[PDB]
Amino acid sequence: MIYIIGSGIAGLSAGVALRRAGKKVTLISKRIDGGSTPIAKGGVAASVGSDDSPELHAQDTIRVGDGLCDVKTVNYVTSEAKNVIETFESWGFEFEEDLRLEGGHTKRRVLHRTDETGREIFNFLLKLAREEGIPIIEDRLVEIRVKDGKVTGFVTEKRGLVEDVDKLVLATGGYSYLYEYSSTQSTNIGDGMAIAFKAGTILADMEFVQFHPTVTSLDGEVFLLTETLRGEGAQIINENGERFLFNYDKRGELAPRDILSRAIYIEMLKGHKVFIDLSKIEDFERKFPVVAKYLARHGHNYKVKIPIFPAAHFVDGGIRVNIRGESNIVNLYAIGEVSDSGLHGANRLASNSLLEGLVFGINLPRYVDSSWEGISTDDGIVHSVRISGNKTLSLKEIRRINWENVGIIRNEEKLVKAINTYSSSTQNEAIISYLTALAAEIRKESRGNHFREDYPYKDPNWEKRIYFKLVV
């Protein structure tokens, strides 16, 4: 029996694919509709345009990757995109013909289906899993059993010890919810990632957490405000109405995502409240139908300033894996956001994440019947860490500490505070937060979404990963 933990695009597509490959599969997820997949409102990258190509897509990916992208993985994912999309469509899913554009991409290559592509993909995959007879169980993974560096079983909250496992596919997503300001659901605390770590699984790139510059949460509904708004005339000001951005970068509202994130971050740290003003955008309703709808249902006049905030959005790292999704632990796969295939390097390229999940999931059957290859750490430095203690922190405290001391702008003093706070804890949320801070402190430079005011430049000597391994 093959077990898949997580019911997002990664876990679901793998489940359907494995089932079709004749495998007996069981899906287990703490919240069937949890994770980031259901609420993704953008699209899936694929160089299928007449003016595009896998190589160009690869070049764009490598660029934002800022030197940390695993070139082999990038080439594999971009070269697979077309046939994976085609396979997915043969299953009965149809993307729209119009390819959208996203910042960072040289050509239009983003596939969409309605204004809620993630939701559509989710429901579709869930419908197929049901028709394939795949059991979908709502339970929570809490432990993984390993012998001689191989998976033998695992434990769930509700059913306890599971001993009949030939393969365990972890598709539990990232830990962006471990930040006071997050764009995802509360399920994303990275416990799946921590549990794997406790079973001897190797983690990497924990310090490369990606933040989104302009997010809002009217009535509690999170909504990413596209950078295209600023391109059409959107303004950003504090509670006083001044366009502070100009004081950090001359490009103002037109500066890179990370730039605004840093400017906004500092401003808020002073206690200022930030807003975005869309009243000067011409033909707003025609240009931004989805934004208009979001604002309409919350009874917020798009002519009035909107409270915004930067937020933890996507984590580049996690369980290191090769192109197949194999971690260092035999029979333990990691796919989707919980894994670190090296596709994203120091900064994920928009739309490459749903693509990543779909590729590793749909392509998984191609490798399940082969001998295990595993991973190589020759592209980085392995750090062995021992977790021991009984200090316990609330989720709210952890999220505030990460936001302030392991956030958009970092430095040694703050990182050390975070390190010392989590040092004596064995809580999953604490461990993940600990490794992120530890790695951020070790990486004495600024690269991709990792920015240190005390080391503002990129160190060519750091063009390598920071791997973590648990020891007694």
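Quick note: we count residues from 1 along the sequence shown, nothing fancier.
Undergrad: Would you tell me which stretch averages the higher CA B-factor in the PDB entry, 329-337 or 305-313?
TA: The entry gives the higher C-alpha B-factor average to 305-313.
Undergrad: Select between 97-105 and 238-246 the stretch whose C-alpha atoms have the higher average B-factor in the entry.
TA: According to the PDB entry, the answer is 238-246.
Undergrad: In the PDB entry, which of 143, 207, 373, 164 has its C-alpha at the highest B-factor?
TA: When the deposited C-alpha B-factors of 143, 207, 373, 164 are compared, 164 is largest.
Undergrad: For the listed 358, 291, 77, 393, which has the peak Cα B-factor recorded in the PDB entry?
TA: Each of 358, 291, 77, 393 was compared by C-alpha B-factor; the highest is 393.
Undergrad: Sorting the chain's modelled residues by C-alpha B-factor, tell me whether residue 153 ends up in the lowest, middle or highest third.
TA: According to the entry, residue 153 has a C-alpha B-factor in the chain's middle third.
Undergrad: Going by the recorded CA B-factors, say which third of the chain residue 193 sits in, lowest, middle or highest.
TA: Residue 193: CA B-factor falls in the middle third of its chain.
Undergrad: Comparing against every modelled residue in the chain, figure out the third that the C-alpha B-factor of residue 87 lands in (lowest, middle or highest).
TA: Middle third of the chain for residue 87's C-alpha B-factor.
Undergrad: Mind checking which third residue 179 falls in for C-alpha B-factor across the chain?
TA: Middle third, going by the recorded CA B-factors of the chain.
Undergrad: Hey, what third does residue 318 fall into on Cα B-factor, ranked over its chain?
TA: Tercile = lowest for this residue's CA B-factor.
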